[PDB]
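K.L.:
Just passing along the structure, written as structure tokens.
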Amino acid sequence: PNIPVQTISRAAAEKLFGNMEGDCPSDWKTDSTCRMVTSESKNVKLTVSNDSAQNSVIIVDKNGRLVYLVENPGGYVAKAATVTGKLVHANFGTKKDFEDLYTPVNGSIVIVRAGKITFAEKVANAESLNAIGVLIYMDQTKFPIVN
Amino acid sequence: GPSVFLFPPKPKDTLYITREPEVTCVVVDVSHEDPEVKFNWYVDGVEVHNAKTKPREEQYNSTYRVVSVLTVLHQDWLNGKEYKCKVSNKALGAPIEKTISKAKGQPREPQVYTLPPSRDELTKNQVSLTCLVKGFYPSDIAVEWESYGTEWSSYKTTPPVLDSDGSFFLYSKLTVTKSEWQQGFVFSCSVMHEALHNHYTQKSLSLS
Ligand SMILES: *[C@@H]1O[C@H](CO)[C@@H](O[C@@H]2O[C@H](CO)[C@@H](O[C@@H]3O[C@H](CO[C@H]4O[C@H](CO)[C@@H](O)[C@H](O)[C@@H]4O[C@@H]4O[C@H](CO)[C@@H](O)[C@H](O)[C@H]4NC(C)=O)[C@@H](O)[C@H](O[C@H]4O[C@H](CO)[C@@H](O)[C@H](O)[C@@H]4O[C@@H]4O[C@H](CO)[C@@H](O)[C@H](O)[C@H]4NC(C)=O)[C@@H]3O)[C@H](O)[C@H]2NC(C)=O)[C@H](O)[C@H]1NC(C)=O
């Protein structure tokens with residue numbers, strides 16, 4: 001775990017989707033609103049700080065300038081860092097989901113649904129492909145982890 | 001004929017010792033026949049040679065644009081030294097002289113106040129956050145809006161306006177989507193001015 005991981009609300013996710021392009025595979029039985037990648041002109045910036053008060057998810061100008069405040073997550077995952085990149089959806093962040101994935105993860109922030117596998121695994125799988133950060137959201141529909 | 005425009009350094013560059021401030025002598029129209037431009041720089045009447053001429057560059061209207069940049073010392077600029085740019089051309093009847101300096105007066109500290117959107121402005125999908133910066137001298141000032149340590153792209157700042165007491169004021173307008181305002185996020189107005197302690201102050205604003 002050399003990369004920041006952060007939990008976001010369903011609302012924050014959908015706001016992020018609002019700024020993404022691509023439609024999800026029909027195979028992920030998702031909502032209409034889900035999207036795959038951020039448009040060229042925007043990137044996301046994720047800040048996890050020793051002060052859990054000032055965690056932030058923000059959408060950024062090519063200039064690093066601020067476009068949209070997306071959330072200030074109150075929760076934390078048990079690396080303190082600030083990272084800026086493209087955001088890429090990887091569904092459950094299974095190794096399988098990853099290998100099927102059209103858009104390459106390298107150097108990008110990844111967003112995944114909480115789901116089939118542990119958070120720990122999702123982060124590792126992503127980190128394994130050189131993602132620079134991980135967002136995790138709970139859709140209401142629930143997919144208990146198997147062990 | 002060529003036209004000459006002499007510009008002052010950016011406020012932050014003059015205020016921060018970590019930064020490098022420079023005066024810019026811009027030459028707007030440069031003939032195709034006579035492209036030659038001689039630049040001569042003077043500081044308080046004393047000629048200096050520290051300046052660099054950028055490459056000449058043909059514009060969209062068949063006119064060369066020659067720029068000469070001279071780096072100034074922070075306190076030389078702040079004390080009110082004059083920088084004279086002399087442009088010499090064969091296309092000029094006589095060489096053109098332009099002079100800039102800092103306004104020489106007692107510095108006055110800027111008052112920074114943030115205002116929230118008008119109740120009538122909440123009808124719209126986007127709202128304006130206002131930053132009033134007043135009662136400062138000289139005109140040299142730098143204003144940024146930011147949230148969570150990140151500078152805002154969507155904001156614009158009126159030029160300084162001369163007040164009745166000989167001071168300046170201005171406004172900065174940050175435009176945000178209404179929902180971002182209603183959610184109770186914090187916006188900050190950052191102001192850099194020589195009269196301020198550490199040439200810096202900050203005002204925050206959010207939903208009550
Ligand atoms: C071919 O195409 C070229 C490009 O389109 C074009 O060049 C242009 O030439 C015109 C003249 O025709 C010249 O006009 C002057 O511009 C001055 C300000 O320029 C600023 O802002 C513009 C607008 O964004 C920028 O484009 C410029 O680069 C410059 O920006 C600044 O640049 C510096 C260094 O690069 C940076 O440090 C700044 O951060 C940066 N700013 C920005 C926005 O990024 C403008 O002030 C001039 O106005 C003054 O003079 C006029 C007389 O000509 C008066 O009408 C007016 O009142 C102003 O008077 C001044 O009043 C001041 C008040 O304090 C006093 O201080 C002064 O004493 C007083 N001076 C004078 C002499 O009156 C003026 O508009 C353009 O800037 C120049 N470039 C561009 C991009 O247009 C060629 O001319 C074209 N050919 C032809 C046929 O025209």
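Here, A, B, ... name the chains of the structure tokens in the order displayed, residue numbers run from 1 inside each chain, and ligands are numbered from 1 in the same displayed order.
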Stretch 77-86 of chain A: which residues within 6 Å, counting only C-alpha atoms, same-chain residues fewer than 6 positions away excluded, as a ChimeraX atom specification?
P.N.:
/A:3-4,38,43-49,108-109
K.L.:
For ligand 1, list the contacting residues at 8 Å or closer, counting only C-alpha atoms and all ligand atoms, as a PDB file with N, CA, C and O atoms, in the first residue's frame.
P.N.:
```pdb
ATOM      1  N   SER B   3       5.329  50.360 -32.469  1.00  0.00           N
ATOM      2  CA  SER B   3       4.743  50.889 -31.216  1.00  0.00           C
ATOM      3  C   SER B   3       5.307  50.168 -30.000  1.00  0.00           C
ATOM      4  O   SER B   3       5.520  48.976 -30.099  1.00  0.00           O
ATOM      5  N   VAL B   4       5.552  50.885 -28.913  1.00  0.00           N
ATOM      6  CA  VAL B   4       6.270  50.289 -27.760  1.00  0.00           C
ATOM      7  C   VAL B   4       5.371  50.242 -26.528  1.00  0.00           C
ATOM      8  O   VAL B   4       4.670  51.214 -26.225  1.00  0.00           O
ATOM      9  N   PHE B   5       5.387  49.117 -25.840  1.00  0.00           N
ATOM     10  CA  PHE B   5       4.569  48.951 -24.620  1.00  0.00           C
ATOM     11  C   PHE B   5       5.432  48.375 -23.512  1.00  0.00           C
ATOM     12  O   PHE B   5       5.835  47.206 -23.607  1.00  0.00           O
ATOM     13  N   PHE B   7       5.763  47.038 -19.725  1.00  0.00           N
ATOM     14  CA  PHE B   7       4.935  46.410 -18.677  1.00  0.00           C
ATOM     15  C   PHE B   7       5.710  46.243 -17.376  1.00  0.00           C
ATOM     16  O   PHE B   7       6.864  45.867 -17.382  1.00  0.00           O
ATOM     17  N   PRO B   8       5.045  46.401 -16.216  1.00  0.00           N
ATOM     18  CA  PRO B   8       5.614  46.088 -14.905  1.00  0.00           C
ATOM     19  C   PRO B   8       5.646  44.616 -14.567  1.00  0.00           C
ATOM     20  O   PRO B   8       5.021  43.825 -15.251  1.00  0.00           O
ATOM     21  N   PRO B   9       6.426  44.225 -13.545  1.00  0.00           N
ATOM     22  CA  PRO B   9       6.498  42.825 -13.119  1.00  0.00           C
ATOM     23  C   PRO B   9       5.251  42.409 -12.363  1.00  0.00           C
ATOM     24  O   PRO B   9       4.581  43.306 -11.886  1.00  0.00           O
ATOM     25  N   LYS B  10       4.980  41.106 -12.308  1.00  0.00           N
ATOM     26  CA  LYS B  10       3.830  40.559 -11.583  1.00  0.00           C
ATOM     27  C   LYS B  10       4.023  40.755 -10.075  1.00  0.00           C
ATOM     28  O   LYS B  10       5.099  40.551  -9.537  1.00  0.00           O
ATOM     29  N   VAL B  23      10.632  43.453 -15.781  1.00  0.00           N
ATOM     30  CA  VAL B  23       9.917  44.427 -16.639  1.00  0.00           C
ATOM     31  C   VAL B  23       9.982  43.961 -18.083  1.00  0.00           C
ATOM     32  O   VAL B  23      11.041  43.527 -18.529  1.00  0.00           O
ATOM     33  N   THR B  24       8.915  44.174 -18.819  1.00  0.00           N
ATOM     34  CA  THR B  24       8.803  43.667 -20.200  1.00  0.00           C
ATOM     35  C   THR B  24       8.587  44.830 -21.170  1.00  0.00           C
ATOM     36  O   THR B  24       7.541  45.489 -21.100  1.00  0.00           O
ATOM     37  N   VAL B  26       7.677  45.567 -24.800  1.00  0.00           N
ATOM     38  CA  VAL B  26       7.039  44.911 -25.960  1.00  0.00           C
ATOM     39  C   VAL B  26       6.999  45.862 -27.142  1.00  0.00           C
ATOM     40  O   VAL B  26       6.538  47.015 -27.022  1.00  0.00           O
ATOM     41  N   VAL B  28       5.280  46.251 -30.853  1.00  0.00           N
ATOM     42  CA  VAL B  28       3.995  45.683 -31.343  1.00  0.00           C
ATOM     43  C   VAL B  28       4.097  45.540 -32.842  1.00  0.00           C
ATOM     44  O   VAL B  28       3.739  44.466 -33.341  1.00  0.00           O
ATOM     45  N   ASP B  29       4.592  46.566 -33.528  1.00  0.00           N
ATOM     46  CA  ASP B  29       4.662  46.552 -35.011  1.00  0.00           C
ATOM     47  C   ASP B  29       6.107  46.693 -35.459  1.00  0.00           C
ATOM     48  O   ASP B  29       6.742  47.696 -35.149  1.00  0.00           O
ATOM     49  N   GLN B  59       3.829  37.796 -36.674  1.00  0.00           N
ATOM     50  CA  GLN B  59       2.439  37.690 -36.165  1.00  0.00           C
ATOM     51  C   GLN B  59       1.509  37.475 -37.366  1.00  0.00           C
ATOM     52  O   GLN B  59       1.993  37.549 -38.518  1.00  0.00           O
ATOM     53  N   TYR B  60       0.220  37.264 -37.080  1.00  0.00           N
ATOM     54  CA  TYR B  60      -0.872  36.891 -38.024  1.00  0.00           C
ATOM     55  C   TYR B  60      -1.193  38.043 -38.992  1.00  0.00           C
ATOM     56  O   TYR B  60      -2.043  37.833 -39.891  1.00  0.00           O
ATOM     57  N   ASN B  61      -0.532  39.200 -38.834  1.00  0.00           N
ATOM     58  CA  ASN B  61      -0.825  40.458 -39.577  1.00  0.00           C
ATOM     59  C   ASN B  61       0.468  41.032 -40.170  1.00  0.00           C
ATOM     60  O   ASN B  61       0.577  42.274 -40.267  1.00  0.00           O
ATOM     61  N   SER B  62       1.393  40.145 -40.558  1.00  0.00           N
ATOM     62  CA  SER B  62       2.675  40.442 -41.252  1.00  0.00           C
ATOM     63  C   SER B  62       3.468  41.543 -40.525  1.00  0.00           C
ATOM     64  O   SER B  62       3.983  42.443 -41.209  1.00  0.00           O
ATOM     65  N   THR B  63       3.596  41.425 -39.198  1.00  0.00           N
ATOM     66  CA  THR B  63       4.280  42.380 -38.282  1.00  0.00           C
ATOM     67  C   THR B  63       5.131  41.587 -37.282  1.00  0.00           C
ATOM     68  O   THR B  63       4.546  40.684 -36.628  1.00  0.00           O
ATOM     69  N   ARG B  65       7.078  40.733 -33.766  1.00  0.00           N
ATOM     70  CA  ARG B  65       6.896  41.179 -32.372  1.00  0.00           C
ATOM     71  C   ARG B  65       8.157  40.870 -31.585  1.00  0.00           C
ATOM     72  O   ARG B  65       8.340  39.716 -31.142  1.00  0.00           O
TER      73      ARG B  65
END
```
K.L.:
Do me a favour and pick out the residues of chain A within 10 Å of chain B, using only C-alpha atoms, as an NGL selection string.
P.N.:
:A and (45 or 47 or 54-58 or 60-61 or 63-72)
K.L.:
Put those residues in a file: N, CA and C atoms, as a PDB file, in the first residue's frame.
P.N.:
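The result, stored in part27.pdb:
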```pdb
ATOM      1  N   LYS A  45      -8.272  14.927  -8.762  1.00  0.00           N
ATOM      2  CA  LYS A  45      -7.187  15.019  -7.783  1.00  0.00           C
ATOM      3  C   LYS A  45      -7.704  14.517  -6.453  1.00  0.00           C
ATOM      4  N   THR A  47      -6.812  13.845  -2.382  1.00  0.00           N
ATOM      5  CA  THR A  47      -5.945  14.230  -1.258  1.00  0.00           C
ATOM      6  C   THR A  47      -6.375  13.476  -0.016  1.00  0.00           C
ATOM      7  N   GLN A  54      -9.628  17.058   6.255  1.00  0.00           N
ATOM      8  CA  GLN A  54      -9.369  17.723   4.970  1.00  0.00           C
ATOM      9  C   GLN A  54      -8.959  16.721   3.921  1.00  0.00           C
ATOM     10  N   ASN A  55      -9.628  15.580   3.893  1.00  0.00           N
ATOM     11  CA  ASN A  55      -9.576  14.717   2.700  1.00  0.00           C
ATOM     12  C   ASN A  55     -10.398  15.409   1.636  1.00  0.00           C
ATOM     13  N   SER A  56     -10.027  15.289   0.389  1.00  0.00           N
ATOM     14  CA  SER A  56     -10.824  15.986  -0.641  1.00  0.00           C
ATOM     15  C   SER A  56     -10.799  15.246  -1.965  1.00  0.00           C
ATOM     16  N   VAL A  57     -11.897  15.270  -2.699  1.00  0.00           N
ATOM     17  CA  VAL A  57     -11.888  14.764  -4.069  1.00  0.00           C
ATOM     18  C   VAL A  57     -12.300  15.924  -4.950  1.00  0.00           C
ATOM     19  N   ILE A  58     -11.428  16.261  -5.890  1.00  0.00           N
ATOM     20  CA  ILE A  58     -11.714  17.469  -6.676  1.00  0.00           C
ATOM     21  C   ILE A  58     -11.425  17.171  -8.109  1.00  0.00           C
ATOM     22  N   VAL A  60     -10.183  18.777 -11.720  1.00  0.00           N
ATOM     23  CA  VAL A  60      -9.051  19.681 -12.022  1.00  0.00           C
ATOM     24  C   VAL A  60      -8.964  19.906 -13.529  1.00  0.00           C
ATOM     25  N   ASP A  61      -8.567  21.133 -13.810  1.00  0.00           N
ATOM     26  CA  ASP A  61      -8.139  21.740 -15.079  1.00  0.00           C
ATOM     27  C   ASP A  61      -6.792  21.152 -15.456  1.00  0.00           C
ATOM     28  N   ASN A  63      -4.437  22.643 -16.041  1.00  0.00           N
ATOM     29  CA  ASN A  63      -3.578  23.530 -15.261  1.00  0.00           C
ATOM     30  C   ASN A  63      -3.460  23.202 -13.788  1.00  0.00           C
ATOM     31  N   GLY A  64      -4.091  22.120 -13.355  1.00  0.00           N
ATOM     32  CA  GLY A  64      -4.147  21.785 -11.927  1.00  0.00           C
ATOM     33  C   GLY A  64      -5.135  22.622 -11.140  1.00  0.00           C
ATOM     34  N   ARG A  65      -5.736  23.582 -11.828  1.00  0.00           N
ATOM     35  CA  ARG A  65      -6.782  24.443 -11.261  1.00  0.00           C
ATOM     36  C   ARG A  65      -8.065  23.664 -11.048  1.00  0.00           C
ATOM     37  N   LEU A  66      -8.872  24.208 -10.142  1.00  0.00           N
ATOM     38  CA  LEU A  66     -10.032  23.521  -9.524  1.00  0.00           C
ATOM     39  C   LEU A  66     -11.211  23.746 -10.443  1.00  0.00           C
ATOM     40  N   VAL A  67     -12.025  22.735 -10.650  1.00  0.00           N
ATOM     41  CA  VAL A  67     -13.246  22.909 -11.451  1.00  0.00           C
ATOM     42  C   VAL A  67     -14.417  22.566 -10.553  1.00  0.00           C
ATOM     43  N   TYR A  68     -14.359  21.436  -9.877  1.00  0.00           N
ATOM     44  CA  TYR A  68     -15.509  20.948  -9.098  1.00  0.00           C
ATOM     45  C   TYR A  68     -14.962  20.378  -7.799  1.00  0.00           C
ATOM     46  N   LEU A  69     -15.485  20.838  -6.686  1.00  0.00           N
ATOM     47  CA  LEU A  69     -15.355  20.082  -5.404  1.00  0.00           C
ATOM     48  C   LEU A  69     -16.341  18.929  -5.403  1.00  0.00           C
ATOM     49  N   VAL A  70     -15.847  17.712  -5.230  1.00  0.00           N
ATOM     50  CA  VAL A  70     -16.716  16.516  -5.332  1.00  0.00           C
ATOM     51  C   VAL A  70     -17.062  16.001  -3.949  1.00  0.00           C
ATOM     52  N   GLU A  71     -16.104  16.023  -3.012  1.00  0.00           N
ATOM     53  CA  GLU A  71     -16.488  15.646  -1.641  1.00  0.00           C
ATOM     54  C   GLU A  71     -15.378  15.932  -0.662  1.00  0.00           C
ATOM     55  N   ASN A  72     -15.720  15.918   0.599  1.00  0.00           N
ATOM     56  CA  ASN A  72     -14.668  15.869   1.645  1.00  0.00           C
ATOM     57  C   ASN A  72     -14.826  14.626   2.498  1.00  0.00           C
TER      58      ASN A  72
END
```
K.L.:
Here is a test: counting only C-alpha atoms, which residue of B:14, B:158, B:95, B:55 is nearest to residue B:40?
P.N.:
B:95
K.L.:
Neighbouring residues of residue A:27 were defined as those with any atom within 12 Å, considering only C-alpha atoms; residues of the same chain fewer than 4 positions away were excluded. Please report them as a list in words.
P.N.:
residues 23, 31, 91, 97 and 100 of chain A
K.L.:
With only C-alpha atoms as the basis for distance, which of B:204, B:179, B:79, B:18 is at the shortest distance from residue B:131?
P.N.:
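For residue B:131, the nearest of the candidates is B:204.
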K.L.:
Find the distance between atom CA of residue B:182 and atom CA of residue B:114 and write it in Å to one decimal.
P.N.:
16.4 Å
K.L.:
Take atom CA of residue A:34 and atom CA of residue A:145 and report the distance between them in Å, one decimal.
P.N.:
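For atom CA of residue A:34 relative to atom CA of residue A:145, the distance reads 22.5 Å.
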K.L.:
From a DSSP calculation on the backbone, collect every residue of stretch 15-114 of chain B in strand (DSSP E or B) and output the set as a ChimeraX atom specification.
P.N.:
/B:22-27,38-43,46-48,52-53,57-58,64-71,82-88,96-101,108,111-114
K.L.:
Restricting the output to C-alpha atoms, write the selected residues as a PDB file, in the first residue's frame.
P.N.:
```
ATOM      1  CA  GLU B  22      11.017  41.408 -14.548  1.00  0.00           C
ATOM      2  CA  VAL B  23       9.917  44.427 -16.639  1.00  0.00           C
ATOM      3  CA  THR B  24       8.803  43.667 -20.200  1.00  0.00           C
ATOM      4  CA  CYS B  25       9.383  46.006 -23.157  1.00  0.00           C
ATOM      5  CA  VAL B  26       7.039  44.911 -25.960  1.00  0.00           C
ATOM      6  CA  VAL B  27       7.343  46.102 -29.570  1.00  0.00           C
ATOM      7  CA  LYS B  38      17.873  48.175 -30.822  1.00  0.00           C
ATOM      8  CA  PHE B  39      16.932  47.984 -27.118  1.00  0.00           C
ATOM      9  CA  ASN B  40      18.529  50.188 -24.453  1.00  0.00           C
ATOM     10  CA  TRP B  41      17.622  49.791 -20.766  1.00  0.00           C
ATOM     11  CA  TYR B  42      18.056  52.393 -18.018  1.00  0.00           C
ATOM     12  CA  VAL B  43      17.572  52.213 -14.241  1.00  0.00           C
ATOM     13  CA  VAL B  46      21.878  54.601 -15.384  1.00  0.00           C
ATOM     14  CA  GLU B  47      22.152  52.260 -18.396  1.00  0.00           C
ATOM     15  CA  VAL B  48      22.229  48.521 -17.636  1.00  0.00           C
ATOM     16  CA  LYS B  52      17.587  39.541 -22.703  1.00  0.00           C
ATOM     17  CA  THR B  53      15.838  39.972 -26.074  1.00  0.00           C
ATOM     18  CA  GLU B  57       8.316  36.444 -34.102  1.00  0.00           C
ATOM     19  CA  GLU B  58       6.106  37.095 -37.227  1.00  0.00           C
ATOM     20  CA  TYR B  64       7.327  41.202 -36.164  1.00  0.00           C
ATOM     21  CA  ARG B  65       6.896  41.179 -32.372  1.00  0.00           C
ATOM     22  CA  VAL B  66      10.192  41.807 -30.554  1.00  0.00           C
ATOM     23  CA  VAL B  67      10.276  41.559 -26.754  1.00  0.00           C
ATOM     24  CA  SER B  68      13.089  42.507 -24.358  1.00  0.00           C
ATOM     25  CA  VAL B  69      12.941  41.306 -20.738  1.00  0.00           C
ATOM     26  CA  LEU B  70      14.951  42.915 -17.896  1.00  0.00           C
ATOM     27  CA  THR B  71      15.089  41.281 -14.453  1.00  0.00           C
ATOM     28  CA  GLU B  82      12.262  54.092 -12.782  1.00  0.00           C
ATOM     29  CA  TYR B  83      12.898  51.686 -15.664  1.00  0.00           C
ATOM     30  CA  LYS B  84      13.282  53.371 -19.065  1.00  0.00           C
ATOM     31  CA  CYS B  85      13.083  51.308 -22.255  1.00  0.00           C
ATOM     32  CA  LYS B  86      14.549  52.954 -25.373  1.00  0.00           C
ATOM     33  CA  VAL B  87      13.513  51.484 -28.740  1.00  0.00           C
ATOM     34  CA  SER B  88      15.602  52.450 -31.800  1.00  0.00           C
ATOM     35  CA  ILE B  96      10.843  55.800 -28.540  1.00  0.00           C
ATOM     36  CA  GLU B  97      11.241  56.033 -24.756  1.00  0.00           C
ATOM     37  CA  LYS B  98       8.842  54.405 -22.278  1.00  0.00           C
ATOM     38  CA  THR B  99       9.214  54.621 -18.484  1.00  0.00           C
ATOM     39  CA  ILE B 100       7.599  52.623 -15.673  1.00  0.00           C
ATOM     40  CA  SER B 101       8.116  52.633 -11.891  1.00  0.00           C
ATOM     41  CA  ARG B 108      -1.798  51.215   2.902  1.00  0.00           C
ATOM     42  CA  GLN B 111      -9.132  45.379   3.670  1.00  0.00           C
ATOM     43  CA  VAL B 112     -10.412  42.013   2.423  1.00  0.00           C
ATOM     44  CA  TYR B 113     -14.099  41.108   2.788  1.00  0.00           C
ATOM     45  CA  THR B 114     -15.971  38.156   1.253  1.00  0.00           C
TER      46      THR B 114
END
```
K.L.:
For residue B:130, list every protein, DNA or RNA residue within 6 Å, evaluated using only C-alpha atoms, and leave out those in the same chain fewer than 6 positions away; present the list as an mmCIF file with N, CA, C and O atoms, in the first residue's frame.
P.N.:
```
data_model
loop_
_atom_site.group_PDB
_atom_site.id
_atom_site.type_symbol
_atom_site.label_atom_id
_atom_site.label_comp_id
_atom_site.auth_asym_id
_atom_site.auth_seq_id
_atom_site.Cartn_x
_atom_site.Cartn_y
_atom_site.Cartn_z
ATOM 1 N N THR B 114 -15.238 39.074 2.139
ATOM 2 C CA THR B 114 -15.971 38.156 1.253
ATOM 3 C C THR B 114 -17.470 38.343 1.424
ATOM 4 O O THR B 114 -17.920 38.476 2.559
ATOM 5 N N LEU B 115 -18.203 38.231 0.324
ATOM 6 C CA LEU B 115 -19.660 38.370 0.334
ATOM 7 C C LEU B 115 -20.213 37.093 -0.283
ATOM 8 O O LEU B 115 -19.648 36.570 -1.229
ATOM 9 N N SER B 172 -13.083 40.590 -6.811
ATOM 10 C CA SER B 172 -12.824 39.286 -7.440
ATOM 11 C C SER B 172 -14.097 38.451 -7.392
ATOM 12 O O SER B 172 -14.780 38.367 -6.357
ATOM 13 N N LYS B 173 -14.453 37.871 -8.518
ATOM 14 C CA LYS B 173 -15.704 37.100 -8.602
ATOM 15 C C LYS B 173 -15.403 35.651 -8.938
ATOM 16 O O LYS B 173 -15.069 35.369 -10.123
#
```
K.L.:
Would you pick out the contacts of residue A:102 at 12 Å or less, using only C-alpha atoms, so that residues sharing its chain but fewer than 3 positions from it are not included, and give the list as number ranges by chain?
P.N.:
A: 22-25, 36-37, 88-90, 97-99, 105
K.L.:
Would you work out the distance separating atom CA of residue A:95 from atom CA of residue A:128, expressed in Å to one decimal?
P.N.:
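Between atom CA of residue A:95 and atom CA of residue A:128 the gap works out to 9.7 Å.
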K.L.:
Run DSSP on the backbone of this structure and report the residues of chain A it assigns to helix (DSSP H, G or I), as a list in words.
P.N.:
residues 10, 11, 12, 13, 14, 15, 16, 17, 52, 53, 54, 95, 96, 97, 98, 99, 119, 120, 121, 122, 123, 124, 125, 126, 127 and 128 of chain A
K.L.:
Just to be explicit: take each residue in the selection above, keep N, CA and C atoms, and write the result as an mmCIF file, in the first residue's frame.
P.N.:
```cif
data_model
loop_
_atom_site.group_PDB
_atom_site.id
_atom_site.type_symbol
_atom_site.label_atom_id
_atom_site.label_comp_id
_atom_site.auth_asym_id
_atom_site.auth_seq_id
_atom_site.Cartn_x
_atom_site.Cartn_y
_atom_site.Cartn_z
ATOM 1 N N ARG A 10 -21.934 7.345 -2.767
ATOM 2 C CA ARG A 10 -22.624 7.039 -4.021
ATOM 3 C C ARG A 10 -22.868 8.331 -4.794
ATOM 4 N N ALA A 11 -23.082 9.407 -4.066
ATOM 5 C CA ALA A 11 -23.344 10.724 -4.633
ATOM 6 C C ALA A 11 -22.074 11.264 -5.263
ATOM 7 N N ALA A 12 -20.988 11.211 -4.510
ATOM 8 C CA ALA A 12 -19.680 11.680 -4.999
ATOM 9 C C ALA A 12 -19.271 10.909 -6.251
ATOM 10 N N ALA A 13 -19.565 9.616 -6.277
ATOM 11 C CA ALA A 13 -19.243 8.768 -7.437
ATOM 12 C C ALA A 13 -20.000 9.263 -8.660
ATOM 13 N N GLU A 14 -21.281 9.531 -8.458
ATOM 14 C CA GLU A 14 -22.151 9.916 -9.581
ATOM 15 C C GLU A 14 -21.762 11.283 -10.090
ATOM 16 N N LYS A 15 -21.264 12.113 -9.186
ATOM 17 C CA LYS A 15 -20.787 13.443 -9.595
ATOM 18 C C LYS A 15 -19.538 13.249 -10.435
ATOM 19 N N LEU A 16 -18.684 12.337 -10.013
ATOM 20 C CA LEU A 16 -17.506 11.989 -10.825
ATOM 21 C C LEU A 16 -17.947 11.449 -12.176
ATOM 22 N N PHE A 17 -18.969 10.591 -12.193
ATOM 23 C CA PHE A 17 -19.426 10.000 -13.474
ATOM 24 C C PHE A 17 -19.912 11.102 -14.377
ATOM 25 N N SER A 52 -7.935 13.806 8.606
ATOM 26 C CA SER A 52 -9.083 13.160 7.959
ATOM 27 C C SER A 52 -10.207 14.151 7.729
ATOM 28 N N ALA A 53 -10.184 15.281 8.433
ATOM 29 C CA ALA A 53 -11.031 16.452 8.152
ATOM 30 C C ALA A 53 -10.856 17.011 6.745
ATOM 31 N N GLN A 54 -9.628 17.058 6.255
ATOM 32 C CA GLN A 54 -9.369 17.723 4.970
ATOM 33 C C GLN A 54 -8.959 16.721 3.921
ATOM 34 N N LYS A 95 -9.059 -9.070 -10.546
ATOM 35 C CA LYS A 95 -8.011 -9.281 -11.561
ATOM 36 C C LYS A 95 -8.634 -9.463 -12.927
ATOM 37 N N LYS A 96 -9.732 -10.218 -12.988
ATOM 38 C CA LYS A 96 -10.531 -10.467 -14.204
ATOM 39 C C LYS A 96 -11.095 -9.180 -14.799
ATOM 40 N N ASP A 97 -11.708 -8.369 -13.961
ATOM 41 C CA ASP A 97 -12.317 -7.082 -14.393
ATOM 42 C C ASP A 97 -11.224 -6.227 -15.038
ATOM 43 N N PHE A 98 -10.085 -6.264 -14.374
ATOM 44 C CA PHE A 98 -8.877 -5.543 -14.831
ATOM 45 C C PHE A 98 -8.359 -6.025 -16.174
ATOM 46 N N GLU A 99 -8.228 -7.320 -16.372
ATOM 47 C CA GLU A 99 -7.693 -7.866 -17.635
ATOM 48 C C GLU A 99 -8.607 -7.667 -18.834
ATOM 49 N N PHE A 119 -11.240 -4.992 0.029
ATOM 50 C CA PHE A 119 -10.626 -3.697 -0.315
ATOM 51 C C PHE A 119 -9.135 -3.903 -0.582
ATOM 52 N N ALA A 120 -8.505 -4.603 0.351
ATOM 53 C CA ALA A 120 -7.066 -4.938 0.313
ATOM 54 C C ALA A 120 -6.676 -5.522 -1.045
ATOM 55 N N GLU A 121 -7.509 -6.424 -1.568
ATOM 56 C CA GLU A 121 -7.244 -7.078 -2.866
ATOM 57 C C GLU A 121 -7.393 -6.093 -4.020
ATOM 58 N N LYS A 122 -8.488 -5.348 -4.016
ATOM 59 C CA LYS A 122 -8.764 -4.327 -5.049
ATOM 60 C C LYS A 122 -7.556 -3.398 -5.167
ATOM 61 N N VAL A 123 -7.121 -2.871 -4.028
ATOM 62 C CA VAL A 123 -5.957 -1.958 -4.017
ATOM 63 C C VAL A 123 -4.717 -2.648 -4.590
ATOM 64 N N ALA A 124 -4.430 -3.846 -4.110
ATOM 65 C CA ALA A 124 -3.274 -4.620 -4.603
ATOM 66 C C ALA A 124 -3.355 -4.866 -6.103
ATOM 67 N N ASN A 125 -4.475 -5.388 -6.587
ATOM 68 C CA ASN A 125 -4.674 -5.609 -8.047
ATOM 69 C C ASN A 125 -4.368 -4.334 -8.836
ATOM 70 N N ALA A 126 -4.949 -3.233 -8.381
ATOM 71 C CA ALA A 126 -4.771 -1.935 -9.044
ATOM 72 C C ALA A 126 -3.315 -1.489 -8.935
ATOM 73 N N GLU A 127 -2.777 -1.589 -7.730
ATOM 74 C CA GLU A 127 -1.401 -1.133 -7.473
ATOM 75 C C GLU A 127 -0.479 -1.946 -8.352
ATOM 76 N N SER A 128 -0.868 -3.195 -8.530
ATOM 77 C CA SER A 128 -0.106 -4.145 -9.349
ATOM 78 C C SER A 128 -0.005 -3.697 -10.801
#
```
K.L.:
Could you pull the residues within 12 Å of residue B:137, counting only C-alpha atoms, minus those fewer than 5 positions along the same chain, as a PyMOL selection string?
P.N.:
chain B and resi 102-111+160-163+165-170+193-196
K.L.:
Residues at most 9 Å from stretch 113-116 of chain A, counting only C-alpha atoms, excluding those fewer than 6 positions away in the same chain, as a ChimeraX atom specification?
P.N.:
/A:89-94,122,135-139,142-146
